[PDB]
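A structural walkthrough
Below are the chains, spelled out letter by letter.
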Amino acid sequence: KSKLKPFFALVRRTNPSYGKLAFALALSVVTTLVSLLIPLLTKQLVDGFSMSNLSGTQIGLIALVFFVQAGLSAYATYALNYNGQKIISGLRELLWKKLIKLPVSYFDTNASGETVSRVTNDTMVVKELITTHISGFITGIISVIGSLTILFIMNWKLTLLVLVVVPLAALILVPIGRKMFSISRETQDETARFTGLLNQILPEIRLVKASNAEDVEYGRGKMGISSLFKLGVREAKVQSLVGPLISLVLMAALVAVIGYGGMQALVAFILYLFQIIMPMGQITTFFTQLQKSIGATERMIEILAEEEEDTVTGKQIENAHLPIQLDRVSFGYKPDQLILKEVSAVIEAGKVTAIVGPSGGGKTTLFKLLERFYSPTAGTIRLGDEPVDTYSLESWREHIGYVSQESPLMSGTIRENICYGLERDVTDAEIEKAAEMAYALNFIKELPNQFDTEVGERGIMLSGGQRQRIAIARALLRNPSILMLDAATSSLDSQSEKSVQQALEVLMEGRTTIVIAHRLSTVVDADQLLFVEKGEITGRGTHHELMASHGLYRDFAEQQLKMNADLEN
Amino acid sequence: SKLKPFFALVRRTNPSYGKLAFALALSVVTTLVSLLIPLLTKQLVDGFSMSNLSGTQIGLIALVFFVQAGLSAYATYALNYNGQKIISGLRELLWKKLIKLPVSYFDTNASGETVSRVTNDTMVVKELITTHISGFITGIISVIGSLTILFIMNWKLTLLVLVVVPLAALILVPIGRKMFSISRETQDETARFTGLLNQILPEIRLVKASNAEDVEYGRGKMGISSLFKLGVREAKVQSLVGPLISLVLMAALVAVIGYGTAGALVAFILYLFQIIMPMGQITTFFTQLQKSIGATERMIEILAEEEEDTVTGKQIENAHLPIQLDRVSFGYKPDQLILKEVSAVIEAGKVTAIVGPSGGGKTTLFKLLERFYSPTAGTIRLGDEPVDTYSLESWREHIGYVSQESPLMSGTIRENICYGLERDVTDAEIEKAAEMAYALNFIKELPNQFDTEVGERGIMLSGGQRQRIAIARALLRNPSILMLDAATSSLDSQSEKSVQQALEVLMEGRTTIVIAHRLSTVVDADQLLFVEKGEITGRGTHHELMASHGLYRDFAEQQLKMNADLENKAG
Ligand SMILES: Nc1ncnc2c1ncn2[C@@H]1O[C@H](COP(=O)(O)OP(=O)(O)OP(=O)(O)O)[C@@H](O)[C@H]1O
Ligand SMILES: Nc1ncnc2c1ncn2[C@@H]1O[C@H](COP(=O)(O)OP(=O)(O)OP(=O)(O)O)[C@@H](O)[C@H]1O
Ligand SMILES: [Mg+2]
Ligand SMILES: [Mg+2]
């Protein structure tokens, strides 16, 4: 029960309203004041029997009006539901905020799908128990103490004995609770993780579906998916062993009442015993259901308490034509296994520098550090007399547009994907022009409208060449100081590619552009070419210097001009 | 008529009705007790007092009978076991109709929805099926039970209640049919939006690159909370059940007191409150049945769908037939036949190719080729017998297609390659298959092959790495027809050559149809095909294009003057 304190604390912060809870707790006492006053008041029946007809015709009308108070008990149940629907939406509001602001490093260690269900399915665990959490416990403890005080006036020795029997035998309820906590956590972890599994097979059905998908993927889905939700059978098994344990704790009190009293009103003392036994069941299940919610929500607090990414610190310099620099910059996704090892290069402001290296040699990872995603292990980047964390992140993005390797698409239309950034600042005239430079506009027009044709799940309704150019157009819309293309014309045809490079050349004359290219034939006229092999920059400067670098580094034209000489002859 | 598709699916496809009988057995036993208590406990003031004369004989009247009082708890477990089986049962079912489901579905209703619409939709019925029967059966037993006792002591006013309560229970249907929609429509809303929150999270590495952290938080806040608090309207309707029941008995008070002997008058109103308690138990079950039917309404619609598997035609016993086309027209949107009337012959064993502009039907023609979609007017022949009379299930076993996108999933490098029917492969086969894709040389670098998780869509690996693994997967299956839809797009020209050289040795006497961005890659391709705006315009080796067509030259000749400048200044 030391695992109650760390989460009840978060339950408290998670509270947009409380005043409604008071109304539920007000009527709860009113109604329990009735049921404990019923056995003392309902002992006179002859009086009503005689005045059953004459008093019922003139004074008996008021008896029907009392169903309003009996109906007002239903609005108190609504208070448990309204504060339940607010506390469920409350945790939803909270966790989501610590996920969008969450650093990129988290999605390397802990999977995306895993964080989704432990946000939607985990929250719904507490809702179906918070409506009976307080409701069952409060009315339970009121009547337990209530019936006990009446018994304390009636008897002092035998009444005291129960208080040393039931709470001393309630220590056999903790192994039910402590094994209920880990039994609902493991289930709301294993299947929380397993929603995610279909979320990796189902969208990729378009590729997955061949003789591999046909049945083999049903098994991962079906065996794991079923055999792991049927772990709740073990949860329902432990829950059904509450009842006989409570029936066995009162038996220890029977020896402390009959065996102690009888040897030393006896019939009257055993009547009230069953009146405490009913709410005893109400209190006991609340304890187990509180551990059931703490178990489930144990994942929420750990995910909530995390180092978020900073937005505004020191100074927010928005307009500054700054040259990019590097000094002994080393980085790795794991301390023992590093990717970049002390790299230094100067990118001149205004002029288009480039980066070319073999696949798996550190280009994209250097650019991740560039668009400020990760922190270097030993080095830093020289910009506006600041390093990485102290300098403003919001301002850093506000004037820089980076189109990474992958073509990024989400649900909605082409308009939504481009108008992603600086929201409601862009007019119709701006998009048309931004998409024209990307060349996409020509074929955005072909299909029914720009704001009409939807992309779908990761943009499957559109071709590679179209989805790539839209991503360019998105960066073109913001008009940034530093543009970026990490193999942006990879699947894009050489004829459909030239038109793109020609438009960005006109725009970014007095503005910096750092690009990555698969074929050196594209980045022939690049101001400062950088060769990225196995994690360090080896070859610098234009093609006249690259051929003069080393023996191994000669492929700059050597491999591309080979397959070219064939067409001519 | 929406009740029937629930219980018929709950029966003939759901595993239950076993332990259910035991729960329904003890339910009658215990309700036979509570209706016999007011008739037997008439002399309980002496009944519970009779154990005084017997002495210590209490160890058989109460002590042993707590086993039967404890056996009621195992009957509650029977609801739970049949509940946990019926929930897992629907889960087993729906998943099967999703993997076997055709590609056309994920164009119209998307995945995100259909994913969460299983796992969250199934859990709606579990927390109600434990009190569904439990509350209704014990309810209806005691209602009829107390009513029959009222008949022997009263045969006039007892009949009046039966014409009051069920005639006033018609004000419970507007609660029920407005309870069906309020769970259904919300079980769309959540699923659809919670599935939409799952699209933003994996692509975060581009969310924190654009000013959109708070913009997408704003989609989440006003979106997920905005519609989850629609359950407030669901809990609102549910809390208006209680006063309606309290008001239906008031209509009976006029039909009992106002219509109705004076001694029995007090006795008739006592039993009235004994029916009123289980009345509440029956009424909430009706609303909670509509709550489950509403939720499960979209289960059945998703289950009842046309699957993707045939039986016509067996395998071919390792024989490569020639690929053909005759007036083949296709278009997702029936308004625009995107891939118009097309005819081309691909020679068996020969490495033919396809190159056209972006948006002109290459990949869409290959989707039809991999035989996913059905052509609107034409058909595909494979050795003068069409594609159809060989089933789909076997077609893919002999054909390996590596489409445009680089496909990656949660598993390691081994699980991605081994994917084409796992455990039917040995260690010697993978090593060789990965060597041909020239990824084996890069896998070795990192600690082990089998001990290297790729992650959510393989973010732990680079473009050049993830592309070659996909090629190795097809290389592992040793197929008759290989395919590369710009498989060397992000791949470096130096790291690319090694790949093309290995597949040239293997696919000598086996067909290979490829798509290329740069014509410089597919220079020596048997029969090049130009795919512009949906129809094949150019045919054969690029030399034909550079002489025949007067609008496809500058197109087939671009890659020549592009890098013709690399040997101008250097040499
Ligand atoms: N989470 C990670 N993200 C990126 N790279 C990682 C990660 N973990 C390890 N790596 C290592 O980084 C390499 C990829 O780095 P990077 O993306 O910069 O390559 P690249 O030079 O840009 O080549 P390509 O053009 O193929 O993407 C992997 O091959 C792997 O060794
Ligand atoms: N669901 C869909 N799937 C694929 N294509 C679609 C879909 N709906 C519409 N289309 C249209 O079909 C066109 C042809 O698709 P396809 O991928 O084959 O083009 P492509 O010529 O191969 O270009 P690229 O090589 O750049 O991908 C797309 O450009 C798109 O406009
Ligand atoms: Mg990269
Ligand atoms: Mg394509």
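Residues numbered from 1 in each chain as written, not as in the entry; some residues may be left out. Chains lettered and ligands numbered in written order. Heavy atoms only, no water.

Moving on, we get to the overall build of chain B. Counting its regular elements, chain B contains 28 helices and 10 strands. Here chain B has a C-alpha radius of gyration of 36 Å; the compact-globule value for 571 residues is 25 Å, and the former is much larger. Here chain B holds 571 residues, and the buried ones make up 52% of them. Carbon and sulfur atoms provide 60% of the accessible area of chain B, an area that totals close to 27,200 Å². Mean positive and mean negative side-chain charge positions of chain B (54 and 58 charges, respectively) differ by 10 Å. (Helix = DSSP H or I, 4+ residues; strand = E, 2+ residues; numbered from the N terminus. Rg over C-alpha atoms; globule rule 2.2 N^0.38 Å. Buried < 20%, exposed > 50% of the residue type's maximum accessible area, 1.4 Å probe, protein only. Areas by Shrake-Rupley, 256 points an atom, 1.4 Å probe, with all protein chains shown as cover. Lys, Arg positive; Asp, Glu negative; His and termini not counted. Charge placed at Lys NZ, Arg CZ, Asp CG, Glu CD.)

Time to look at the nonpolar core. All names here are of chain A. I418, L485, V523, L529 and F556 are the most contacted members of the largest nonpolar core, which has 39 residues in total. Only β3 (352-356), α23 (414-418), α24 (428-438), α26 (464-478), β4 (483-486), α27 (494-507), β6 (529-533) and α29 (555-558) provide two or more residues apiece to this core. By residue number, the principal contributor to this core is α26, which donates five residues. Setting aside anything within four residues of it in sequence, one finds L529 in contact with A354, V356, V523, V524, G539, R540, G541, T542, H543 and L546. (Core = buried A, V, L, I, M, F, W, Y, C linked by side-chain atoms within 4.5 Å. Contact = heavy atoms within 4.5 Å.)

Turning next to the domain arrangement of chain B. Residue and element names in this part refer to chain B. When the domains of chain B are assigned, the result is domain 1 (1-310) and domain 2 (311-571). When the two sides are added together, the surface that domain 1 and domain 2 hide from each other amounts to roughly 890 Å², 51% of it contributed by carbon and sulfur. Ranking the residues of domain 1 by area buried against domain 2 places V103, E308 and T310 at the top, with a combined share of 54%. Where domain 1 meets domain 2, there are one salt bridge. (Domains from an automatic or database assignment. Buried area = accessible area lost by both parts, 1.4 Å probe. Salt bridge = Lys/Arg side-chain N within 4 Å of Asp/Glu carboxyl O.)

Here we come to unusual backbone geometry. Residue and element names in this part refer to chain A. Within the chain, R372 stands out as a residue other than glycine whose phi angle is a positive 55 degrees. Inspection of the secondary structure assignment puts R372 in the loop between α21 (363-370) and α22 (393-398). The class of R372 is buried, set by a relative accessible area of 2%.

This part is about the site of ligand 2. Taken together, the neighbourhood of ligand 2 is formed by 20 residues, with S463(A), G465(A), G360(B), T364(B) and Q404(B) sitting nearest. Those residues lying near ligand 2 are distributed over chains A and B. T363(B) has a polar backbone atom sitting 3.0 Å from an oxygen atom of ligand 2. Here ligand 2 loses 95% of its free accessible area of 630 Å² to cover by the protein chains. (Near = heavy atom within 4 Å. Polar contact = N/O pair within 3.5 Å; in protein donor to acceptor, adjacent residues only side chain to side chain.)

Turning next to the site of ligand 1. Residues in close proximity to ligand 1 total 20 residues, the closest being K363(A), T364(A), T365(A), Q405(A) and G464(B). More than one chain approaches ligand 1, the contributing ones being chains A and B. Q405(A) places a side-chain nitrogen or oxygen 2.7 Å from an oxygen atom of ligand 1. Interatomic distance of 3.4 Å between a backbone N/O atom of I459(B) and a nitrogen atom of ligand 1.

Our focus in this paragraph is the coordination of the magnesium ion (ligand 4). Tetrahedral coordination by four donors sets the ideal angle at the metal to 109.5 degrees; octahedral coordination by six donors sets it to 90 or 180 degrees. All names here are of chain B. On the protein side, the magnesium ion (ligand 4) has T363 (OG1), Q404 (OE1) and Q404 (NE2) as donor atoms, found 2.0 to 2.4 Å from it. Here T363 is found in helix α20 (residues 362-369), whereas its partner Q404 is found in the loop between β6 (399-402) and α22 (413-417), with 41 residues between them in sequence. For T363, a relative accessible area of 15% gives the class buried. (Donors = N, O, S within 2.8 Å, 3.2 Å for Na, K, Ca; no water.)

A few words now on the sheet that holds β6(B). Each strand in a sheet pairs with its neighbour through backbone hydrogen bonds, running either in the same direction (parallel) or in the opposite one (antiparallel). Residue and element names in this part refer to chain B. Strand order in the open sheet formed by six strands is β6-β7-β8-β4-β9-β10, with mixed pairing between adjacent strands. In the strand order of this sheet, the two ends are held by β6 and β10 (535-539), each with one partner. Mean inter-strand twist for the sheet, computed between neighbouring axes without regard to direction, equals 20 degrees. Relative to strand β8 (residues 512-515), strand β7 (residues 481-485) runs parallel, the two being bridged by four bridges. Within β8, the residue paired with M483 across the bridge is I513. (Pairing = 2+ DSSP bridges. Axes fitted to C-alpha atoms, helices over the stretch in contact; angles between N-to-C directions.)

Residue and element names in this part refer to chain B. Two elements in contact, helix α23 (residues 427-436) and helix α25 (residues 463-476), have axes separated by 8 Å at closest approach and are oriented at 130 degrees. As summarised for this structure, α23 and α25 are arranged oblique, according to the angle between their axes. The handedness of the crossing between α23 and α25 is right-handed. Of α25, the residues touching α23 (which contributes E429, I430, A433, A434 and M436) are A472, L475 and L476. Class assignment for the residues of the contact of α23 with α25 results in seven nonpolar, no polar and one charged. (Parallel < 35°, antiparallel > 145°, perpendicular 65-115°, else oblique. Left-handed = near helix turned anticlockwise from the far one by under 90°. Nonpolar A, V, L, I, M, F, W, Y, C, P; charged D, E, K, R; others polar.)

Moving on, we come to a positive patch on the surface. Residues and elements named next belong to chain A. Where like charges cluster on the molecular surface, the positive patch consists of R178, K179, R234 and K237. For the positive patch, the secondary-structure elements that each account for two or more residues are α12 (174-185) and α16 (232-239). Following the sequence through the fold, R178 ends up in helix α12. (Patch = residues over 30% accessible without salt bridge, like charges linked within 9 Å, V, L, I, M, F, W, Y side chains within 5 Å.)

Moving on: the interface of chain B and chain A. Each side of the interface is counted separately: chain B has 146 residues, and chain A has 147 residues. It is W95(B), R205(B) and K208(B) in chain B that bury the most area against chain A; as a group they hold 6% of the surface buried on that side. Inspection of the chain B/chain A interface yields eight salt bridges. A salt bridge links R206(A) to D107(B); the shortest N-O distance between them is 3.1 Å. At the boundary of chain B and chain A, one finds 37 residue pairs in polar contact. With 15 residues, the single largest contributor to the side of chain B that touches chain A is helix α7 (residues 72-99) of chain B. Of the residues belonging to the side of chain B that touches chain A, the class tally is 63 nonpolar, 44 polar and 39 charged.

Position of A264(B) among the secondary structure elements: in helix α18 (residues 263-268). Distance from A264(B) to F530(B), taken between C-alpha atoms, is 98 Å for residues 266 residues apart in sequence.

Turning next to the packing of aromatic side chains. Per the stated rule, a full pass over the model turns up 25 aromatic pairs over all chains. Consider the rings of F530(B) and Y552(B), whose centres lie 4.6 Å apart with planes at 80 degrees: the pair is edge-to-face. Within this pair, whereas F530(B) is found in strand β9 (residues 528-532), its partner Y552(B) is found in the loop between β10 and α27 (553-556), the two being separated by 22 residues in sequence. Across this residue pair, the class does not change: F530(B) and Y552(B) are buried. Sitting over the ring of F228(B), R92(A) keeps its end group 3.6 Å from the ring centre. (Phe/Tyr/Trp six-rings, centres within 6.5 Å; stacked < 30°, edge-to-face > 60°. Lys NZ or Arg CZ within 6 Å of the ring centre and 35° of its normal.)

Residues and elements named next belong to chain A. Summarising the element assignment, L322 is placed in the loop between α20 (273-304) and β1 (329-331). Along the primary structure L322 and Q495 are separated by 173 residues, whereas in three dimensions their C-alpha atoms are 34 Å apart. Apart from the residues within four sequence positions on either side, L322 is in contact with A349, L383 and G384.

Here we come to the sheet that holds β3(A). Residue and element names in this part refer to chain A. With mixed pairing, the five strands of this open sheet are ordered in space as β4-β5-β3-β6-β7. The open sheet has two edge strands with one neighbour each: β4 and β7 (536-540). On average, each strand axis in the sheet is inclined to that of its neighbour by 20 degrees, with strand direction left out of account. Where β3 lies against strand β5 (residues 513-516), four bridges are found, and the strand directions are parallel. In the strand pairing of β5, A354 is matched with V515.

Take the packing of α12(A) against α16(A) next. Residues and elements named next belong to chain A. Running from N to C, α12 and α16 cross one another at 165 degrees; their axes reach a closest spacing of 10 Å. Put simply, α12 runs roughly antiparallel to α16. The element α12 and its partner α16 pack so that their crossing is left-handed. Between α12 and α16, the contacting residues are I176, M180 and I183 on the first element and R234, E235, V238 and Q239 on the second.

Residues and elements named next belong to chain A. Domain assignment breaks chain A into domain 1 (1-311) and domain 2 (312-569). Averaged C-alpha coordinates put domain 1 and domain 2 at centres separated by 54 Å. Counting from both sides, the interface comprises nine residues of domain 1 and, opposite them, 11 residues of domain 2. Here domain 1 and domain 2 share an interface that buries about 800 Å² over both sides, 48% of which is from carbon and sulfur atoms. Summed over the three residues of domain 1 that lose the most area to domain 2, namely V104, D310 and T311, the buried surface amounts to 59% of that side. One can count zero salt bridges joining domain 1 with domain 2. One can count five residue pairs in polar contact joining domain 1 with domain 2.

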